[PDB]
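This is target02.cif (mmCIF, C-alpha atoms and all ligand atoms).
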```cif
data_target
loop_
_atom_site.group_PDB
_atom_site.id
_atom_site.type_symbol
_atom_site.label_atom_id
_atom_site.label_comp_id
_atom_site.auth_asym_id
_atom_site.auth_seq_id
_atom_site.Cartn_x
_atom_site.Cartn_y
_atom_site.Cartn_z
ATOM 1 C CA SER A 2 52.863 -4.911 142.616
ATOM 2 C CA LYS A 3 55.606 -7.297 141.475
ATOM 3 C CA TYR A 4 55.043 -9.275 138.275
ATOM 4 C CA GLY A 5 56.809 -12.524 137.532
ATOM 5 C CA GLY A 6 58.091 -14.117 134.383
ATOM 6 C CA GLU A 7 61.048 -15.739 132.651
ATOM 7 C CA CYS A 8 64.163 -14.207 131.215
ATOM 8 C CA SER A 9 65.793 -14.648 127.813
ATOM 9 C CA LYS A 10 69.536 -15.158 128.005
ATOM 10 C CA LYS A 11 69.851 -14.371 124.288
ATOM 11 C CA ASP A 12 68.156 -10.968 124.605
ATOM 12 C CA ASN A 13 68.739 -10.168 128.282
ATOM 13 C CA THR A 14 65.012 -9.508 128.722
ATOM 14 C CA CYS A 15 62.314 -10.411 131.228
ATOM 15 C CA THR A 16 58.875 -11.401 129.914
ATOM 16 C CA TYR A 17 56.393 -10.872 132.730
ATOM 17 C CA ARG A 18 52.654 -11.447 133.057
ATOM 18 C CA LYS A 19 50.575 -8.433 134.026
ATOM 19 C CA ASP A 20 46.823 -7.993 133.787
ATOM 20 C CA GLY A 21 46.389 -10.842 131.337
ATOM 21 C CA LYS A 22 49.169 -9.890 128.883
ATOM 22 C CA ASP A 23 52.875 -10.560 128.497
ATOM 23 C CA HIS A 24 55.239 -7.592 128.578
ATOM 24 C CA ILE A 25 58.952 -7.741 127.661
ATOM 25 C CA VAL A 26 61.352 -5.416 129.491
ATOM 26 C CA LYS A 27 65.184 -5.401 129.339
ATOM 27 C CA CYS A 28 66.964 -6.834 132.326
ATOM 28 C CA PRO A 29 69.706 -4.733 133.858
ATOM 29 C CA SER A 30 73.223 -5.198 132.540
ATOM 30 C CA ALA A 31 74.395 -5.422 136.184
ATOM 31 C CA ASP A 32 76.202 -8.699 136.890
ATOM 32 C CA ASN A 33 73.845 -10.077 139.552
ATOM 33 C CA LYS A 34 70.617 -8.898 137.944
ATOM 34 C CA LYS A 35 71.118 -9.730 134.235
ATOM 35 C CA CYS A 36 69.755 -12.919 132.665
ATOM 36 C CA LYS A 37 72.693 -15.296 133.247
ATOM 37 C CA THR A 38 70.632 -18.451 132.837
ATOM 38 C CA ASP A 39 68.075 -18.858 130.111
ATOM 39 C CA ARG A 40 64.473 -18.868 131.356
ATOM 40 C CA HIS A 41 65.470 -17.932 134.930
ATOM 41 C CA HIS A 42 62.640 -16.432 136.923
ATOM 42 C CA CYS A 43 62.531 -12.660 136.716
ATOM 43 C CA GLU A 44 60.376 -9.879 138.121
ATOM 44 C CA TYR A 45 59.251 -6.411 137.185
ATOM 45 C CA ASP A 46 58.690 -4.471 140.428
ATOM 46 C CA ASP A 47 56.177 -1.717 139.729
ATOM 47 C CA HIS A 48 56.682 -0.170 143.212
ATOM 48 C CA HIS A 49 60.391 0.506 142.594
ATOM 49 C CA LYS A 50 60.178 0.489 138.753
ATOM 50 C CA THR A 51 62.974 -2.087 138.647
ATOM 51 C CA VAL A 52 63.736 -5.383 136.936
ATOM 52 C CA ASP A 53 65.737 -8.368 138.224
ATOM 53 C CA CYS A 54 66.474 -11.438 136.100
ATOM 54 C CA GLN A 55 68.090 -13.270 139.018
ATOM 55 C CA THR A 56 65.178 -13.239 141.472
ATOM 56 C CA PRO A 57 65.964 -15.146 144.677
ATOM 57 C CA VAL A 58 65.544 -18.890 144.408
HETATM 58 CL CL CL A 101 49.755 -10.673 125.293
HETATM 59 CL CL CL A 102 71.296 -21.031 130.075
#
```
What is this file in structure tokens?
Amino acid sequence: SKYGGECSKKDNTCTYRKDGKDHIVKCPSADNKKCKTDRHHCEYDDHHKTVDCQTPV
């Protein structure tokens, strides 16, 4: 599945909720996937094993 959360601009991480716990994973350093805006929605995609801290709004 895909798991949603919020990104930290300070740390360039995504904190996502999965099975009742929070998990923190680095965002990519790629320009249009990194955490550009603090607390932007982010997702960990467990099908692709990928993270995006600029999920489509
Ligand atoms: Cl937790
Ligand atoms: Cl910000």
Item to complete: For each of A:4, A:34, A:50, A:58, take the minimum atom-to-atom distance to residue 16 of chain A, counting only C-alpha atoms, then give the residue where this is smallest.
Response: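 Result for the nearest residue to residue 16 of chain A: A:4.
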Could you tell me, counting all atoms listed in the file, which protein and nucleic acid residues lie no more than 10 Å from ligand CL 102 (chain A), written as a PDB file with C-alpha atoms, in the coordinates of the input?
```pdb
ATOM      1  CA  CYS A   8      64.163 -14.207 131.215  1.00  0.00           C
ATOM      2  CA  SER A   9      65.793 -14.648 127.813  1.00  0.00           C
ATOM      3  CA  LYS A  10      69.536 -15.158 128.005  1.00  0.00           C
ATOM      4  CA  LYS A  11      69.851 -14.371 124.288  1.00  0.00           C
ATOM      5  CA  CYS A  36      69.755 -12.919 132.665  1.00  0.00           C
ATOM      6  CA  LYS A  37      72.693 -15.296 133.247  1.00  0.00           C
ATOM      7  CA  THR A  38      70.632 -18.451 132.837  1.00  0.00           C
ATOM      8  CA  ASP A  39      68.075 -18.858 130.111  1.00  0.00           C
ATOM      9  CA  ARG A  40      64.473 -18.868 131.356  1.00  0.00           C
ATOM     10  CA  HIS A  41      65.470 -17.932 134.930  1.00  0.00           C
TER      11      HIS A  41
END
```
Practice prompt. For the structure shown, which residues end up in the PyMOL selection byres (((chain A and resi 17) around 6) and not hetatm)? Put them as number ranges by chain, please?
Written response: A: 4-6, 16, 18, 23-24
Discussion item. Could you tell me how far atom CA of residue 3 of chain A sits from atom CA of residue 31 of chain A, in Å to one decimal place?
Written reply: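 A separation of 19.6 Å between them.
Residues matched by the PyMOL selection byres (((chain A and resi 56) around 8) and not hetatm) in this file: residues 34, 42, 43, 44, 53, 54, 55, 57 and 58 of chain A.
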Just write the chosen residues, C-alpha atoms, as a short mmCIF file (atom, residue, chain, number, x, y, z; two decimals), in the coordinates of the input.
```
data_model
loop_
_atom_site.label_atom_id
_atom_site.label_comp_id
_atom_site.auth_asym_id
_atom_site.auth_seq_id
_atom_site.Cartn_x
_atom_site.Cartn_y
_atom_site.Cartn_z
CA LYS A 34 70.62 -8.90 137.94
CA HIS A 42 62.64 -16.43 136.92
CA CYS A 43 62.53 -12.66 136.72
CA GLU A 44 60.38 -9.88 138.12
CA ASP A 53 65.74 -8.37 138.22
CA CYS A 54 66.47 -11.44 136.10
CA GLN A 55 68.09 -13.27 139.02
CA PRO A 57 65.96 -15.15 144.68
CA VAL A 58 65.54 -18.89 144.41
#
```
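Among the candidate residues A:2, A:19, A:7, A:33, the one lying nearest to ligand CL 101 (chain A) is A:19, with distances computed using only C-alpha atoms and all ligand atoms.
Residue nearest ligand CL 101 (chain A), chosen from A:13, A:47, A:28, A:21 and counting only C-alpha atoms and all ligand atoms: A:21.
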Item to complete: Could you state which residues are captured by the PyMOL selection byres (((chain A and resi 26) around 6) and not hetatm) in this file, as an MDAnalysis selection string?
Response: chainID A and resid 14:15 25 27
So for segment 4-11 of chain A, what box centre and size do we get, axis-aligned, 4 Å extra on each of the six sides, every listed atom, Å to one decimal, as AutoDock Vina command-line options?
```
--center_x 62.4 --center_y -12.5 --center_z 131.3 --size_x 22.8 --size_y 14.5 --size_z 22.0
```
Worksheet item: For ligand CL 101 (chain A), which residue among A:20, A:12, A:46, A:32 is the nearest when counting all atoms listed in the file?
Response: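 Residue with the minimum atom-to-atom distance to ligand CL 101 (chain A): A:20.
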